[PDB]
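What follows is one structure encoded as structure tokens, with my remarks underneath.
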Amino acid sequence: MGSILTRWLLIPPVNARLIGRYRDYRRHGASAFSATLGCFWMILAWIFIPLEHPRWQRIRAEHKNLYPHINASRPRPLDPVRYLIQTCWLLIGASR
Amino acid sequence: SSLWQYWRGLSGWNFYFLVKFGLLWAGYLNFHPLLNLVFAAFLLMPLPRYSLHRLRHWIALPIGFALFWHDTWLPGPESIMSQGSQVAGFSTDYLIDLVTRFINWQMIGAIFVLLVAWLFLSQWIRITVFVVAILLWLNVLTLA
Amino acid sequence: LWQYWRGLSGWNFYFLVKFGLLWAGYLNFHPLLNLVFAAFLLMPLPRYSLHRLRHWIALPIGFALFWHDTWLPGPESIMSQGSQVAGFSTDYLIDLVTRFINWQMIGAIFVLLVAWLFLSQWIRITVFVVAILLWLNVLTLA
Amino acid sequence: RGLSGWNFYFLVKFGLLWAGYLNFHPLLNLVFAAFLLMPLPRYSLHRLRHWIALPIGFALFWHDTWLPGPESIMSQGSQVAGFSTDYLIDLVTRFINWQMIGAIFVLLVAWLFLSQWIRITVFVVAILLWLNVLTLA
């Protein structure tokens, strides 16, 4: 998804950031499909979730501790569901 | 100063609502879903200052009691005051008998069990999430 | 200009309340005017001073718009009939006020406030507010 | 460098077309768009283009509107000079649909916001091409 299409649709800075990320995912062994989907989800997360907020910053910083089973550098298509399940677990039975 | 460090779970009030739910389920309470939600919202409201927290607890206690009484069919304090002069003429033996008839020891035992369950579960799970979920659910049912 | 886009901040709550009232049937909602107002609030202003000015201007406008959306008599009707209300005893005014104010609605607004304070930390409420506004406009055009 | 501020111009035109306030001439507008998309290397040529394009764009917009030709206004304008200021304000308030103005404003803000993420020029050109195809079909 270096596809002539993203170059035509997105402005250059946005395109550069997306490509950089995509490439980052590919370098870490993610399938093309998974990488695209990962970028998509990220965009969605940015749109709906204030990632600039101190809360999300902490969660992102502790991502490896809170979500050990999810590799941020290798996105899998079912990663959102995994995040949901884990979050539900952290929200409920997770006190120690 | 993210208002966040200031969000504290319903602490002991979790038990208050659990008891209410148990009573509602048993058919002993006319549950007003919106008022109880407002109360819950009041308790969850983020207060930065420790003093405001103390104040909240002090205020919440009478309110919680009042609301609990309201949700029960118990006669209003006015009815008790106006009829109370008739109750002052009852012999101590009668009052004890009335009280023993009124108090279902099985219900007291259930509340105790619930208390122990809550203390035990609170060690593992955040009960507040459930209390709020049920409250929201009950409100939705009343609107549908 | 990316750095200058600041979400609807406290105005998110304003619109949520409006939506809640609309849903309850207490408001005649003018979708386009409210969208314009939202657009005005979202407009990217680089300078902090312009932001303060916007808030100052927006407050009266928001109030006016809210009033306009309500079934309440225009300030002219109140001024012309207000001299008749000045003769009402304090007890009657309190009775009228107590009858007029639905404590349940106030409580709902409060709950909504707490919900908003809590959700605004997790989710961008502005996105939803704008989406609903857009949606309501589309419904009025369809 | 894309249709920059002219994207908004066309969006407004499209909106007016949709509302039925504009008789849209697809070919003339396409030519105008083609003129605007022509790659110029020098920053100065870009300024010149903007200067030239402004009168042309305005002329084209007027042409596309149901408004009386400048000739009709000049010939009847002497009759309008006799109207009292109150009548002129009334006429103006009746003529200006505040809802349309508001919509244009909303469109502007939307455009400012979207132009940061997406190339609006691609869509404008696609719609223009589409509208031309519809007029030929």
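Averaged over all directions, how much area does the convex hull of the C-alpha atoms of chain C cover when projected, in nm²? Intermediate results must be reported in sequence, preceding the final value.
Working: hull surface 44.6 nm².
Orientation-averaged projected area of the Cα hull: 11.2 nm².
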re the range B:2-69: pairs of Cα atoms spaced beyond 15 Å account for a percent value of 55
Label-point separation in nm, residue A:51 to residue B:6, each point 7 Å along Cα→Cβ: 2.9
Provide, for q = 0.18 Å⁻¹, the log10 of I(q)/I(0) from a solvent-free Debye sum over equal Cα point scatterers in the range A:1-41. -0.45
In whole Å, largest first, the alpha carbons of chain A cover along the principal axes 50, 28, 18
Find how many whole Å separate the alpha carbon centroid of the range B:1-61 from the alpha carbon centroid of the range A:9-24. 47
With label points set 7 Å from each Cα along the Cα-to-Cβ direction at residue B:73 and residue C:84, the distance between them in nm comes to 4.6
Distribution output for the range D:64-137: share of Cα-Cα pairs per 10 Å bin in percent, first bin at 0, values 14, 24, 28, 22, 12, 0
For the range C:33-45, just list the computed ³J(HN,Hα) in residue order, Karplus coefficients 6.51, -1.76 and 1.60, θ = phi - 60°, integers in Hz, with x standing in for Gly and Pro. 5, 5, 5, 4, 4, 4, 4, 4, 6, 8, 4, x, 10
Quick calc, residue D:66 & residue D:45: beta-carbon distance into FRET formula, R0 35 Å, rounding 0.05, result 0.50
Vicinal HN-Hα couplings computed from phi for the range C:91-102 (Karplus, 6.51 cos²θ - 1.76 cosθ + 1.60; Hz; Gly/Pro x): 5, 5, 5, 5, 4, 4, 5, 5, 7, 6, 8, 7
What percentages, rounded to whole numbers, describe P(r) for the protein assembly as shown computed over all alpha carbon pairs with 20 Å bin width beginning at zero? 14, 39, 31, 14, 3, 0
Using 1/(1 + (r/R0)^6) with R0 = 41 angstrom and r between the beta carbons of residue C:113 and residue A:4, what's the FRET efficiency to the nearest 0.05? 0.25
Ranked on Cβ counts within 10 Å of their own Cβ, fewest leading, C:11, D:62 go D:62, C:11
In deg cm²/dmol, rounded to the nearest 500, the helical mean residue ellipticity at 222 nm of chain C, built from -39500 (n - 2.57) for every DSSP H run of length 4 or more, is -24000 deg cm²/dmol
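Just so you know, all these numbers are worked out from the coordinates, no wet-lab data involved. In this analysis, Cβ positions are derived from the backbone assuming ideal geometry, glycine residues included, and neighbour counts consider all displayed protein chains.
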